[PDB]
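Given next are two forms of a protein chain, the same chain in both, each as structure tokens and marked structure 1 or structure 2.
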Structure 1
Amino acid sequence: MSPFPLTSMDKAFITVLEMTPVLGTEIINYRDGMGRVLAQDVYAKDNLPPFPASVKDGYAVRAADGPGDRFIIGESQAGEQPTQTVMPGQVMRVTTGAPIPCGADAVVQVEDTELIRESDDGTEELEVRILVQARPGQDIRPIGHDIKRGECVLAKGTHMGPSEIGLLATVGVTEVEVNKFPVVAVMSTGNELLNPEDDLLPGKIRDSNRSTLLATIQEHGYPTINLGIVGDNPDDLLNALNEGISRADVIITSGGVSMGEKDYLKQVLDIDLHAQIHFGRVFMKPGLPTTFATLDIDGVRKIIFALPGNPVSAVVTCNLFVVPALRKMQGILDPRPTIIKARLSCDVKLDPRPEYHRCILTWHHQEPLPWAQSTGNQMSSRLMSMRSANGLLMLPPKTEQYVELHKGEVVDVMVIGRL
């Protein structure tokens, strides 16, 4: 209250995470499971393979027969249970998917075989020399070999990608319990903002943050609501916020919250909404005037982020604070971002504060670390790349011995997009 609390980066991060709830669950079709977190253990209802299956192209054979000269009684078809029993001195053609027939207990690949006789040839083999003494069970995948019936194939907490979805198809579990995704409402405040579709007017600029922020969170596959530009006054701020609270889990705003300004939005969170503002300023560059609040409303907790209006500050703070909170909301067990080591492409002058620059990570032939070419000082000095920024260069706060960093020095980088 009054000039709000100044916090450290680390303390702010922990606060966002600790104050953010994990959302409840719902049942979805497995095809909609990308990026979802299982809220249940998934068990197999069948043994895979469900029948003993050949591991190779070759012949289902009796081991006891040994390397003799044999009669080919037929072929085991994929998708068809075999009807014939392999008797002494007989053999059945088999392909690598194929069910082992009732009389054989070994498979001899075709390479340890030679055609002796063919029914003239209208595409048919009648006799083969089996050149090998096979071991009982050889080249056969027994029932339950891959997955046993009742066994847990996916555990609670698994964050699912393509292969997990395919594992669910395999076991025939097509509906599945998972954590909900957060719905995120985005708005921009400022009397100087116009919609990107509008032409400029005196004293006005186009609003870019709303579209950048909506785009950033859509990339993680979370549903969004566009609440538009809200005038910078208590009446319109309150109404905008009330609509986001009723329609969303998270509200993000950006615009005029610095040392001067912070006023109307903090004033409505505090007085009208009775939200609990956890911090209003964070010791960092850029994004010092970042606010984090929570509203406990009807047993439910909504989270609110007031990001700065500066376009680079808004995108940085979204990636440092918002995305991690959303990752926890949708059930991810470790919602922290991946941070990797890279080399600076340039020299940089450290600031007293921890600083974050949008950058591009590039891996060059046979080098251990990628190079981080900083671009996130954008606007008046932009040397355009064909690539998007895929990381945040995390510059350390200046020390007494470390005033600047040199090209080639190993530094930390938050991965913020697909490499």
Structure 2
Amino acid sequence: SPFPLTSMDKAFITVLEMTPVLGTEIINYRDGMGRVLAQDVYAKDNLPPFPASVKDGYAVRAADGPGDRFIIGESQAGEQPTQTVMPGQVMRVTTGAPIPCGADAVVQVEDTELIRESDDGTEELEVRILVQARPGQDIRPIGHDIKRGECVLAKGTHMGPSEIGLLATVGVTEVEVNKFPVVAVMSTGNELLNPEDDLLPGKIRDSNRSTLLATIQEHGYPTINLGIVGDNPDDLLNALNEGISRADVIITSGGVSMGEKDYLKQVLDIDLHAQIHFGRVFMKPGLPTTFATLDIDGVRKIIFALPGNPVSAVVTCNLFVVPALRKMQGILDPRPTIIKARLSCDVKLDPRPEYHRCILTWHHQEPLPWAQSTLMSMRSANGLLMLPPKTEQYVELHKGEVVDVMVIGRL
């Protein structure tokens, strides 16, 4: 009995609903890229922790107004000054240096003229302040940027470089994050050879393992190569058991249609005792796409049995697998980014929703990018065109018409 055709919407929501969120671990902040915080992060110090000059210039008393001032010393970066500025006096300051006691404003060097220096020309002695400073001018008070006790990053934040910098700033060098999924990939088929092999009669090289492992690695997840498994139930069960032991997620390709030696659904159900949530999807390509869960000792393993056809395997990996992995690593909304683009070519619509790799390109002062289906040879696919199902209204789309494109590449 073939599995029912599942709608694309039901298949997608089933994957996101049934996929678990992994547990947490503590990592070093420098390893945080792409991770999601599983804790709020608080500042234990003020930034700045002293009142800090915004400018190279002089720390003044604003009430002194403009005029000729004695320079009593310098506040240099990294040193707490010892002197107090009294009416009629200033102190040289650089950007980020602490404001001495008695000063309440900074005048930038451009609003001054130097009168007298040392014979050595090594120390400034007297400066003319040309402006009326507003009290507080060109000073960052204590805690201006960050206050001690302030939550600087919330749980659920998907971190990039600026978040790593903020953790460095506040000295929070160890953070709780969700784990990344470990993803095991196997290919299936008596016809497959390794990429390293010379061909033999009746055989081809396995490409899907390489393309799927590279797709998963591109997203920063650790992988396990489970090799090529023959079209026989004992070997497939042994290979799945190894995947279940070593990984959070198992991806197979091939063996999921209704051919004589397409064995994966029987093994998953009868031999492995997994729950197949769907075994066919009304989509083009990807009709035999299969999703299963296996609950062992309160851990949920995820199994994607993708179609053998290489184009089908990479398309379905992008539609179902990548969003699942994003939910497992803690991303709150793991759905892919969908943009609007202009079709570069007429297309006939299928009764199934249809998906095709494409390259998005932005032209001069055009608001929408163009989507060109796979010098364009020099660029990798960065989109998956998402064509609507044919209706009595729409049977075809034309060049220039606006379509949905899922981002799968950096633009």
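Shifts are known only where both forms have a C-alpha. All residue numbers here refer to structure 1's sequence, counted from 1. The term rigid core refers to the maximal set of C-alpha atoms that superpose within 1.5 Å between the two forms.
With the rigid core aligned between the two structures, the listed residues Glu151, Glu127, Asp235, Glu124 include just one Cα displaced by at least 2 Å, namely that of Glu124. Relative to the superposed rigid core, the position of the CA of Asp263 differs between the two structures by 2 Å or more. Comparing between the two structures on a rigid core frame, one finds that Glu111 has its C-alpha moved by 2.0 Å.
In sequence order, 120 to 124, 259 to 263 are the runs of at least 3 consecutive residues whose Cα positions differ by 2 Å or more between the two structures once the rigid core is superposed.
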